[PDB]
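> experimental coordinates for this protein are included below, preceded by the sequence.
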Amino acid sequence: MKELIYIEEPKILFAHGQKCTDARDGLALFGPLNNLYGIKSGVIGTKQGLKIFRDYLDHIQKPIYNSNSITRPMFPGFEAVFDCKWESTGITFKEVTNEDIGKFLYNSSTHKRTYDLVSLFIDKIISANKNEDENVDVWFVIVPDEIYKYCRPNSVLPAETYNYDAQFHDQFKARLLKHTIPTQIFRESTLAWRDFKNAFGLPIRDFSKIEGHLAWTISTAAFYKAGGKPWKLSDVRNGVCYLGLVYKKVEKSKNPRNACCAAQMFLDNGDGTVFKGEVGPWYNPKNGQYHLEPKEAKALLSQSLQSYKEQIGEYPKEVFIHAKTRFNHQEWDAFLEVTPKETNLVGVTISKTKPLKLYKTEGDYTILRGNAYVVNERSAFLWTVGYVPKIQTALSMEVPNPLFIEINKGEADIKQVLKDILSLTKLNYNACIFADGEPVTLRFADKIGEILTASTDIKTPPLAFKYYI
RNA sequence: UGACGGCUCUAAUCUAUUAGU
DNA sequence: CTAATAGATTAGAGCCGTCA
Ligand SMILES: [Mg+2]
């Protein structure tokens, strides 16, 4: 017989200085942190896409209701929540004719057709940003569904074009990094989900009972990409810098090699949260070696410490390096010789590989979300997915898998590590959910690494997330 | 790519030992 | 260097479900 400890919910902060565990209820009752005046939208696409986008904007102005209110809270309309204006009147439209899309998607080569389509879509945006006077906050791209199915890694149709990955989204986001334009990509079937059907008279994707969830998610993404702040973490310890490292293989560049990208989070003076990336891949020619050479790791730590010191004035007292791999002595000894003496380096490995499952005896639901099984002083299991009493349901299906936390380097208290990891799961601005399954320091550093490796080398890429997600 | 979760098919790398070079 | 047996790790792709 073993013992399980339970970890309390972290709580997040909204307007008026109010707290709550659910983002939706906090946004509905108190509203966002900062105050935008309005969002001016630029749309690029066909006439069908423009009509669909205008219809969705008109649709999401009124209150929207879900089938089960307890599980998913209602959507009370955009302006009731966000206290700003985003209507179908600040739209500036740049038409893309259907002939171009038809004729470019004919070469039968994925690389050439993807490059041509991306260039066609981005040249108009570049021109409208350079040679025009109108102001656009977030650009909205509305791609037809018939090009989405063909621009994928493994896709077959039923000149510096080979240096890029054959995916529309990654290349599109990468090639606009040097102009710093926020963008949101939509599929025609995502907004006009009724009109696209199958052999039966039903939509392929049925949003009849989860329409409020889609409205919440789209509104939150559009409000974040316009330079807004919808919530923040209530309790973050001072003097603690959280880092996150992810390795992505740079496919098809003269050899099989792989890079590394990071993310960082801390609390700055003024009770603000600085959640921002750490960019510029650090490589190593070895194939399958998910590690860093000393020269490439000293630079990474120096960069992170310099950033924190520049924003704060003093070095961090504690630095936690979360990762999904295991460090070695060769690279960890590269650490600790650029780190000062008044700073604690803790390297924590997070994985979801070990197959443990817990079942309730004489019941029908799953285990709580706070439960943790402490194996040792350097090892534990934490359930980040499970039954949440507030929404009266679980965050997954079947029986969820635990997250295996293992203190790899340094010394730390495993309970505090679990508390910080659980608190790091409430900052998913790409989503409007109760909580996420893994820390976002490992997810946003993965999105940035996925975008950065689908283009040629670009000097000093932006750090802000709004240009990536 | 509006999110998230759960599965499946695949490919490397390392360590140990053996063997033709 | 090449070719097999294992254990213990890693990163990629692709498909399905979300309510009652
Ligand atoms: Mg997004």
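Here it is on my side, so go on. Residues are numbered from 1 along each chain as shown, chains lettered A, B, ... in the order given.

> tell me the residue of the stretch 201-350 of chain A that sits nearest RNA strand B?
Nearest residue of the stretch 201-350 of chain A to RNA strand B, counting by C-beta to the nearest atom of the strand: residue A:288, 2.6 Å away. Placement of C-beta: from N, CA and C, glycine included.

> what's the local residue count around that residue?
8 (other C-beta atoms under 10 Å).

> what residues does the stretch 101-250 of chain A have near RNA strand B?
Proximity of the stretch 101-250 of chain A to RNA strand B is confined to A:148, A:167-170, A:173, A:183-187, A:190, A:205, A:207, A:210, A:213-214, A:216-218, A:221 under the rule C-beta under 7 Å from any atom of the strand.

> just the buried ones out of these, please.
Among these, those that count as buried by neighbour count (16 or more other C-beta atoms under 10 Å) are A:148, A:167-170, A:173, A:183-187, A:190, A:210, A:213-214, A:216-218, A:221.

> can you give me the distance of residue A:432 to residue A:280?
31 Å (C-beta to C-beta, to the nearest Å).

> of those two, give the one with the bigger neighbour count.
Using other C-beta under 10 Å, the more surrounded residue of residue A:432 and residue A:280 is residue A:432, with 22 against 19.

> helix or strand for that one, which one?
Using DSSP states H and E, residue A:432 maps to neither a helix nor a strand.

> surely it is in contact with residue A:22?
No. Using C-beta atoms under 8 Å, residue A:432 makes no contact with residue A:22, being 10.0 Å away.

> could you count how many residues lie near residue A:385?
23.

> for whatever helix or strand residue A:140 lives in, which strands pair with it and how are they oriented?
Assessed by DSSP H and E, residue A:140 sits inside strand A:138-143. Paired neighbours of strand A:138-143 in the sheet (DSSP bridges): strand A:41-45 (parallel), strand A:183-187 (parallel).

> now distance to residue A:79 too, for those, in TSV please.
Formatted as TSV, the strands paired with strand A:138-143 follow (distance: least, C-beta to C-beta, whole Å):
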stretch	distance to residue A:79
strand A:41-45	15
strand A:183-187	19
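
> make TSV from the ones you listed and add distance to the ion to it.
What follows is the strands paired with strand A:138-143, written out as TSV (distance: least, C-beta to the ion, whole Å):
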stretch	distance to the ion
strand A:41-45	16
strand A:183-187	7
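
> can you redo those as JSON lines with distance to DNA strand C?
What follows is these, written out as JSON lines (distance: least, C-beta to the nearest atom of the strand, whole Å):
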{"stretch": "strand A:41-45", "distance to DNA strand C": "24"}
{"stretch": "strand A:183-187", "distance to DNA strand C": "14"}
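
> how about the stretch 201-350 of chain A: which residue is closest to the ion?
residue A:221 (5.4 Å; C-beta to the ion).

> that residue contacts residue A:430, correct?
Yes. Counting by C-beta under 8 Å, residue A:430 is a contact partner of residue A:221 at 6.5 Å.

> got any residues that touch both of those two?
Residues touching both residue A:221 and residue A:430 (C-beta atoms under 8 Å, 6 or more residues apart in numbering): residue A:469.

> what about the helices in the stretch 351-469 of chain A?
A:414-423, A:444-452 (DSSP state H, counting those that start in this stretch).

> pick the most deeply packed of those helices.
Mean neighbours per residue, mean count of other C-beta atoms under 10 Å, is largest over the helices of the stretch 351-469 of chain A for helix A:444-452, with a mean of 23.

> now for that one, which elements pack on it?
helix A:168-175, strand A:240-250, strand A:257-268, strand A:272-278 (3 or more C-beta pairs under 8 Å, 6 or more residues apart in numbering; DSSP states H and E).

> show me what the longest one is packed up against.
If I follow you right, that is strand A:257-268. So strand A:257-268, by 3+ C-beta pairs under 8 Å, 6+ apart, packs with strand A:240-250, strand A:272-278, helix A:294-312, helix A:444-452.

> off-centre distance for that strand?
13 Å (C-alpha atoms, centre = their mean, to the nearest Å).

> tell me what angle it forms with helix A:444-452.
Interaxial angle of strand A:257-268 relative to helix A:444-452 (axes from the mean of the first three to the mean of the last three C-alpha atoms, to 10 degrees): 140 degrees.

> anything in strand A:257-268 near RNA strand B?
No. Counting by C-beta under 7 Å from any atom of the strand, RNA strand B has no neighbours in strand A:257-268; the shortest distance is 9.4 Å.

> okay, buried residues for that strand please.
A:257-267.

> closest to DNA strand C out of the residues you listed?
Closest to DNA strand C, out of all of these and judged by C-beta to the nearest atom of the strand, is residue A:258, at 6.5 Å.

> name whatever forms a beta bridge with the closest one.
residue A:249, residue A:284.

> that one: what's it in contact with?
With C-beta under 8 Å, 6+ apart, residue A:258 has these contacts: A:247-250, A:283-284, A:287, A:289-290.

> how about residue A:358?
For residue A:358, counting by C-beta under 8 Å, 6+ apart, the contacting residues are A:367, A:371, A:383, A:399.

> now those residues: which count as buried?
For the contacts of residue A:358, buried by 16+ other C-beta under 10 Å: A:367, A:371, A:383.

> let's have those residues in CSV, adding distance to the ion.
What follows is these, written out as CSV (distance: C-beta to the ion, whole Å):
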residue, distance to the ion
A:367, 31
A:371, 31
A:383, 27
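
> possible to save those residues as JSON lines with distance to residue A:200?
Converted to JSON lines, the buried ones among the contacts of residue A:358 look like this (distance: C-beta to C-beta, whole Å):
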{"residue": "A:367", "distance to residue A:200": "38"}
{"residue": "A:371", "distance to residue A:200": "43"}
{"residue": "A:383", "distance to residue A:200": "39"}
